[PDB]
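Report on the structure given below.
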Amino acid sequence: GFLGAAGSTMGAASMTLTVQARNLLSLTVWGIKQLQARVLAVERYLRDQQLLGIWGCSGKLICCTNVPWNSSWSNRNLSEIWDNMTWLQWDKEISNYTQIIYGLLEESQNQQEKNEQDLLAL
Amino acid sequence: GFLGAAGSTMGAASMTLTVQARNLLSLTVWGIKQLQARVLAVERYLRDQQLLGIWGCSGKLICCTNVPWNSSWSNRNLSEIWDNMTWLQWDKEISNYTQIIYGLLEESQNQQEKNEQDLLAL
Amino acid sequence: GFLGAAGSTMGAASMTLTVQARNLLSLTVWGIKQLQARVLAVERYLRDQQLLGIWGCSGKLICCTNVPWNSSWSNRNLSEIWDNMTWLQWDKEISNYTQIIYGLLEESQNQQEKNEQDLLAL
Amino acid sequence: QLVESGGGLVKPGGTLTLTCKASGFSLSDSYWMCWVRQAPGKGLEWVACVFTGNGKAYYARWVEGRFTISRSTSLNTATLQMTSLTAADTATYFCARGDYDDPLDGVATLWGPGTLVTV
Amino acid sequence: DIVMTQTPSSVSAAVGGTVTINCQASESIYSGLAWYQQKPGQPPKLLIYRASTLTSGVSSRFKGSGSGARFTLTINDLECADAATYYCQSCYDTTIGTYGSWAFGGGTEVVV
Amino acid sequence: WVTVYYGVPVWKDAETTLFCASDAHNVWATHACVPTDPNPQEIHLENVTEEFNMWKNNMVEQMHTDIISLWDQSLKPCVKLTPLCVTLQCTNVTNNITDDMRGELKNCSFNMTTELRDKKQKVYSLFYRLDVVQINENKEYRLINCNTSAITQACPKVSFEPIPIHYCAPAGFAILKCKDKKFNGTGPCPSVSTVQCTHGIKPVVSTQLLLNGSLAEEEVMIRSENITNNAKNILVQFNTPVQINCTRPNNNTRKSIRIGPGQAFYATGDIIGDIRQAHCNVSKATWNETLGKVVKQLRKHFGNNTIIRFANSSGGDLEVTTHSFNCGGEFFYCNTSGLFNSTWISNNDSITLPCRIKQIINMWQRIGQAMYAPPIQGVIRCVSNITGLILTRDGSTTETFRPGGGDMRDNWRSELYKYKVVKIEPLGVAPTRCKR
Ligand SMILES: *[C@@H]1O[C@H](CO)[C@@H](O[C@@H]2O[C@H](CO)[C@@H](O[C@@H]3O[C@H](CO)[C@@H](O)[C@H](O[C@H]4O[C@H](CO)[C@@H](O)[C@H](O)[C@@H]4O)[C@@H]3O)[C@H](O)[C@H]2NC(C)=O)[C@H](O)[C@H]1NC(C)=O
Ligand SMILES: *[C@@H]1O[C@H](CO)[C@@H](O[C@@H]2O[C@H](CO)[C@@H](O)[C@H](O)[C@H]2NC(C)=O)[C@H](O)[C@H]1NC(C)=O
Ligand SMILES: *[C@@H]1O[C@H](CO)[C@@H](O[C@@H]2O[C@H](CO)[C@@H](O)[C@H](O)[C@H]2NC(C)=O)[C@H](O)[C@H]1NC(C)=O
Ligand SMILES: *[C@@H]1O[C@H](CO)[C@@H](O[C@@H]2O[C@H](CO)[C@@H](O)[C@H](O)[C@H]2NC(C)=O)[C@H](O)[C@H]1NC(C)=O
Ligand SMILES: *[C@@H]1O[C@H](CO)[C@@H](O[C@@H]2O[C@H](CO)[C@@H](O)[C@H](O)[C@H]2NC(C)=O)[C@H](O)[C@H]1NC(C)=O
Ligand SMILES: *[C@@H]1O[C@H](CO)[C@@H](O[C@@H]2O[C@H](CO)[C@@H](O)[C@H](O)[C@H]2NC(C)=O)[C@H](O)[C@H]1NC(C)=O
Ligand SMILES: *[C@@H]1O[C@H](CO)[C@@H](O)[C@H](O)[C@H]1NC(C)=O
Ligand SMILES: *[C@@H]1O[C@H](CO)[C@@H](O)[C@H](O)[C@H]1NC(C)=O
Ligand SMILES: *[C@@H]1O[C@H](CO)[C@@H](O)[C@H](O)[C@H]1NC(C)=O
Ligand SMILES: *[C@@H]1O[C@H](CO)[C@@H](O)[C@H](O)[C@H]1NC(C)=O
Ligand SMILES: *[C@@H]1O[C@H](CO)[C@@H](O)[C@H](O)[C@H]1NC(C)=O
Ligand SMILES: *[C@@H]1O[C@H](CO)[C@@H](O)[C@H](O)[C@H]1NC(C)=O
Ligand SMILES: *[C@@H]1O[C@H](CO)[C@@H](O)[C@H](O)[C@H]1NC(C)=O
Ligand SMILES: *[C@@H]1O[C@H](CO)[C@@H](O)[C@H](O)[C@H]1NC(C)=O
Ligand SMILES: *[C@@H]1O[C@H](CO)[C@@H](O)[C@H](O)[C@H]1NC(C)=O
Ligand SMILES: *[C@@H]1O[C@H](CO)[C@@H](O)[C@H](O)[C@H]1NC(C)=O
Ligand SMILES: *[C@@H]1O[C@H](CO)[C@@H](O)[C@H](O)[C@H]1NC(C)=O
Ligand SMILES: *[C@@H]1O[C@H](CO)[C@@H](O)[C@H](O)[C@H]1NC(C)=O
């Protein structure tokens, strides 16, 4: 079920991640409307994929990064977050740090790629 | 030649795979028709790329998976399939197992990514 | 700044590569025009991504290849190219070898993937 | 049923036209009139074909414009015009009739004794 | 544009018994093959057409088969019937779509 | 074990939208097409056969639809002639007119509207007999379509020349083509190659004879969905052209009448010189040889000693009983009986076909949209290549064939019979010995 994991805890829900991923691409009245909708759906898909590319998480549903958790974002324990909370609740808890985390992920990836080139040039 | 390998055997044809890949993206009568065609061509491209992403074969023309061949799908020998048969013939031979194989590939990739996270968390 | 690195040398400019990457996706008069523009912007994005895929550089801003520099393309020193020249100047210096390099990159990647399969089959 | 003529010696760089007359059948029907040549040493190769029902013709790749094949149903003959001839073109030339129907389609069933061209 | 390769170039036998001649097309010709027998002094005679059908100017002694791009000719009993050069001919050029473009391989000399 | 391969060279039958291309005021707006490739490629597929069926080819349907829609768009900005649905007071033209042409032209006069709403003007013009009907059973007449449809004047600046277009596949698709010189429209095709775009095809409209298409390369070809079924058409493709020369030997004048602000009607003015009948000439010897070739091939389906007879068309409207065409901008309806008058038994000169001309045209056999063809000044002469026929069986040792008309689709499936559209399906899997 497409949103079937909505009531699951975070540590339970993140095992069925492909279910949602597979459903993101799926001149008269009801004519021009479909053409416009199709184009916008494509743009949304690509923006999310570009971010995974930039952060170094392309091709993965789950990726580890090398960016530290800064605590002030959320000072909850891992056993509390993963076992006693759902993704809807979590999304609300840290919604205002979204842009902070994304900026940190982008810079980290740029530093990593530059360092890999220095090693391949050695 | 775009379909030049059509008469080649499978083990001969799968060396020129980029030839076809490079040709997949390439309000009046003959006006609105082109806009509609362009959008649909993009959607087709993306659906195939999403599947390679899901199965863990993104960025590759040839990828090995860890899913076993179940024999009943086709009980032919490797020396028969790769040397004495073309891709058109093969596609007909196993056309009805397409959905089985894809489901197996998807589950395998989800298990692999979860296990990699457990190791990176160690 | 989106083109802020335009006046920087090549070795200075290629540290802010995500700045430009993030800005590539971003029936009446001013109606149909936007729909047509959006579709074409998507096609341009995808053609560049497909080439990085084909050459084995998907997901990277900087990638090393295994294709040699043939000298005749440009016989300048690395200390001259990276420190005393901008990307606009460089693009002019080797503009006519673009198609040569791309053809070489494509063949190299096909050979590499075939060899990896032979090893995984061992 | 096929009678050839026009053989002989060509001074190098010159020309020669060969003919092949049908007897006992009409070229007005759907047949292929083709020429082949047999080199000294017995190598055998195709030179050209013309469809008598239309005048359409095909040539061997090695011809490169030096040979012209044509037919005339009013004479009930077919000819081959050769130019820019050299020593390498020495061969016995033969005409043969191929069928255009389902059995024997493209098959040369009627062959005339050939004629020698030297250069 | 169809190239036929014929082998062996020289085939021999004791008097009595069989020999074979093989012929390989550079491309499938979908069985559009004819076999000819050329004795010294004459044009080639047609023995077999469309890979395996006889012209009735030849007995059952000459048999053959094949498909696609690969064919063979078998002479079942050699009674010094000939000292012919046998030739493999393509009667269909798949690159053109016609029966107006022929190709011959080199021939095979049969000695007995 | 499972290896996934991307870029696998396989395909499936498919139906998609094709776009046009053109090698560069035309009625078909060919300037709206994508510029063509000056040197298009064709790839031979070695060892590949494919199954084709020209009777189920949807490329025909798209061509049909594009042509009609373009035609209609071209008339959108043109002046309407509804003010002409008036009672015409009308008499015959008798000045220096050739017998058997006498009664074809009429001199009609009427009260037409003008630039100002308060004024009327008396005008007169010439009409062909086929465009009017008598109402007062001088006599009162009306234009033939005033009780059924609107009449739109074709814009005088728009050309009807059948400039060819090429159809091209979109990304992800390919067009397969037969090369087999004897292909009869269905079944396996031993030699196949691929193109991105078709050859240029001219949108020529005709009925009984096909006037400017492709010729067979070798043998005369007879193609039909069934042959056996008397309800089906037989398309016969010639392997040599037959030359036909048509003329309208009347030097005409043209005048415009203002009918309202910004609008004018083009009327036939008068005739300079004598009045003569329009006609077409077909070389006699060529026609005779051409039929002999057709008969030899028709007999293959009917029997070795079967007699084949040709006869002319059945009765009905000119649009279905005559040979019609648009040439020089005029619409001709020619009598073809002189071409189909013979019996073929087992074992310089010319044929003159008289023709009629109409100005009010129901172009696509639709009802409600009538086009008015403005007259053309001067004299018209046309030369064309007859490339084929549309025949039907008139259905015990004699077969009779008659020419006939047909759907517009049958004039296009005759060029598109060699092409098929397929889609490319690049993913596939196969067993290998590798594992991640
Ligand atoms: C079958 O193919 C043949 C050959 O292509 C085709 O014949 C051609 O028809 C056109 C139109 O009738 C001829 O073009 C005209 O030639 C006269 C010669 O003086 C010109 O004056 C014409 O120009 C005037 O009319 C144009 C109409 O749009 C105006 O745009 C222009 O400004 C002028 O007013 C015009 O060029 C053409 O010459 C012949 N070709 C030959 C070789 O005669 C034939 O019609 C096709 N058959 C069918 C049924 O379509
Ligand atoms: C909705 O909430 C209930 C509990 O609040 C979830 O029940 C759990 O179901 C799993 C299934 O194996 C059990 O192991 C757990 O022990 C159950 N919880 C408790 C407290 O016993 C239920 O699964 C939730 N629904 C979803 C979609 O997650
Ligand atoms: C079409 O089929 C023929 C044979 O059926 C293929 O011929 C092979 O060509 C390669 C080229 O080096 C040879 O090494 C093989 O030995 C040939 N086959 C045989 C049986 O000798 C031909 O290549 C095929 N066409 C395509 C596109 O693969
Ligand atoms: C424009 O050019 C000037 C010099 O031509 C660049 O100046 C350099 O700025 C860096 C900044 O730390 C200094 O370290 C260099 O020493 C400066 N150059 C010199 C010659 O001293 C300036 O940065 C350039 N602008 C851009 C966008 O690169
Ligand atoms: C419009 O007027 C025409 C002309 O009178 C009608 O066509 C005639 O219909 C009768 C009906 O039996 C036929 O016998 C005549 O031969 C027809 N005339 C022509 C010239 O074909 C037509 O039916 C009228 N349309 C409508 C809708 O009533
Ligand atoms: C087409 O032309 C033919 C002859 O040119 C016309 O045939 C004549 O038709 C009348 C009708 O009764 C016959 O009495 C004549 O004997 C016919 N002549 C010949 C030579 O057969 C035919 O009517 C014309 N068709 C049309 C629709 O006008
Ligand atoms: C006009 O045509 C009709 C048609 O029958 C004819 O009866 C009448 O006499 C003609 N009038 C003239 C002036 O020729
Ligand atoms: C039509 O009638 C007018 C009346 O004067 C005459 O001038 C004109 O020449 C006539 N036209 C024809 C073609 O008879
Ligand atoms: C124009 O209208 C007048 C009004 O009486 C009428 O007499 C005349 O005949 C009409 N003219 C034509 C040509 O219809
Ligand atoms: C076309 O040729 C095929 C070849 O087998 C034949 O089966 C088919 O019936 C032919 N078409 C017609 C209409 O006869
Ligand atoms: C038309 O073709 C079908 C093909 O199976 C055939 O069965 C049918 O009998 C044909 N029509 C006639 C009248 O033979
Ligand atoms: C048709 O042939 C007749 C024979 O006299 C000739 O007068 C006429 O001009 C020809 N028509 C054409 C279009 O050439
Ligand atoms: C058409 O006109 C050309 C002009 O040279 C002439 O040669 C040809 O014979 C004519 N065709 C007919 C059918 O009269
Ligand atoms: C063709 O010409 C020959 C000459 O004698 C004649 O017998 C035959 O009936 C002619 N055929 C036609 C269709 O005119
Ligand atoms: C066909 O010829 C006959 C000959 O009497 C004629 O009666 C018939 O009307 C003609 N058909 C057409 C459409 O003219
Ligand atoms: C058909 O042939 C007969 C034979 O006498 C002839 O009288 C008749 O006029 C011809 N019909 C046409 C339309 O030429
Ligand atoms: C028609 O007559 C006018 C009168 O001057 C003349 O100039 C024109 O050339 C003529 N047209 C033809 C085709 O003879
Ligand atoms: C008629 O066919 C001949 C054949 O070569 C061609 O040259 C000529 O242009 C064709 N005429 C038309 C109008 O297509």
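Compute, for the protein assembly as shown, the length of the dipole vector about the Cα centre, with Cβ point charges of +1 (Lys, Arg) and -1 (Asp, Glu) only. Units Debye, rounded to 20. Write out the running numbers ahead of the final one.
Working: 88 positive and 87 negative charges, 658 e Å.
Around 3160 debye, computed over the protein assembly as shown.
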Residues whose built amide H sits under 5 Å from the amide H of F:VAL86, excluding neighbours closer than 5 in sequence, are F:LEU143
Distance (nanometres) between label positions extended 7 Å along Cα→Cβ at F:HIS199 and C:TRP30: 5.1 nm
When a/c is below 1.5 the answer is rounded, else prolate if a/b is larger than b/c, else oblate, so apply that to the protein assembly as shown with a ≥ b ≥ c taken from the square roots of the Cα gyration tensor eigenvalues. oblate
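About the Cα centre of chain C, how large is the charge dipole given +1 on each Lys and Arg Cβ and -1 on each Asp and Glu Cβ? Please answer in debye to the nearest 20.
On the way: 9 positive and 11 negative charges, 121 e Å.
Value, rounded to 20: 580 debye.
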Of the candidates E:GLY66, E:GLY100, E:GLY16, which one comes out as most mobile in a Gaussian network treatment of chain E with C-alpha springs shorter than 10 Å? E:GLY100
Within straight cross-link reach of B:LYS114, meaning Cα distance under 20 Å, which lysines are found once same-chain residues fewer than 8 apart are removed? A:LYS60, F:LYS435
Please report the spacing between the Cα centers of the stretch E:38-76 and the stretch F:184-216 in Å, no decimals. 38 Å
Can you tell me which of E:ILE96, E:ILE48, E:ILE21 moves the most in a GNM of chain E? Springs connect C-alpha atoms under 10 Å apart. E:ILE96
Just to confirm a number: summing +1 for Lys and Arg and -1 for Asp and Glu over residues other than E:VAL15 whose beta-carbon lies under 11 angstrom from that of E:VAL15, what do you get? -2
Just to be sure I understand the model, the point goes 7 Å from the Cα along the line to the Cβ. What's the resulting F:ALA24 to C:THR86 distance in nm? 3.7 nm
Quick note, chain D: a/c under 1.5 would make it rounded; otherwise a/b > b/c is prolate and the rest oblate (a ≥ b ≥ c, C-alpha gyration tensor); here it is prolate
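In deg cm²/dmol and to the nearest 500, what is the mean residue ellipticity at 222 nm of chain F if only DSSP H runs of at least 4 residues count, each as -39500 (n - 2.57), divided by the residue total? Walk me through the numbers before you get to the answer.
Numbers: 4 runs with 40 residues, N = 436.
For chain F, the value works out to -2500 deg cm²/dmol.
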Excluding residues on the same chain fewer than 8 positions from F:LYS157, give the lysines whose Cα lies under 20 Å from its Cα. F:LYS76, F:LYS80, F:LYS255, F:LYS358
Please report how far the C-alpha centroid of the stretch A:7-86 lies from that of the stretch F:407-436, rounded to the nearest whole angstrom. 36 Å
Using θ = phi - 60° and the Karplus relation 6.51 cos²θ - 1.76 cosθ + 1.60, list the HN-Hα couplings for the stretch E:40-57 in order, rounded to whole Hz, with x at every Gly or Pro. x, x, 10, x, x, 9, 7, 9, 10, 10, 6, 6, 10, 9, 7, 8, 6, x
Using +1 at the C-beta of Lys and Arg and -1 at the C-beta of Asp and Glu, which of A:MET85, A:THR18, A:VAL67 has the Cα lying farthest in the positive direction of the dipole of the stretch A:3-120? A:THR18
Amide H partners (placed H, <5 Å) of F:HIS279, local residues excluded: F:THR247, F:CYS355
Run the label-point distances for A:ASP118 please: 7 Å along Cα to Cβ, every other copy, nanometres, shortest first. 3.7, 3.7
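Set the Förster radius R0 to 45 Å, insert the Cβ-Cβ distance between D:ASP102 and F:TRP364 as r into 1/(1 + (r/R0)^6), and round the FRET efficiency to 0.05.
On the way: r = 41 Å, r/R0 = 0.91.
E(calc), rounded to 0.05, equals 0.65.
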Checked the stretch A:3-120 against the a/c 1.5 cut and the a/b vs b/c comparison, axes a ≥ b ≥ c from its Cα gyration tensor; verdict oblate
Chain E: most fluctuating residue of E:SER65, E:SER26, E:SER52 per GNM, C-alpha cutoff 10 Å: E:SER26
Here the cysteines of chain E without any disulfide-compatible Cβ partner under 4.7 Å are E:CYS80, E:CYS91
Reachable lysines from F:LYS181, Cα under 20 Å, same-chain residues fewer than 8 places away excluded? D:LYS56, F:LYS293, F:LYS296, F:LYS300, F:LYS418, F:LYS420
With θ set to phi - 60°, apply the Karplus curve 6.51 cos²θ - 1.76 cosθ + 1.60 along the stretch C:99-108 and write out the HN-Hα couplings as whole Hz, x wherever there is a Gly or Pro. 6, 7, 5, 4, x, 5, 5, 5, 5, 4
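Bear in mind that the values in this text are calculations on the coordinates, not laboratory data. FYI the Cβ positions are ideal-geometry reconstructions off the backbone, even for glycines, and counts take in every protein chain you see.
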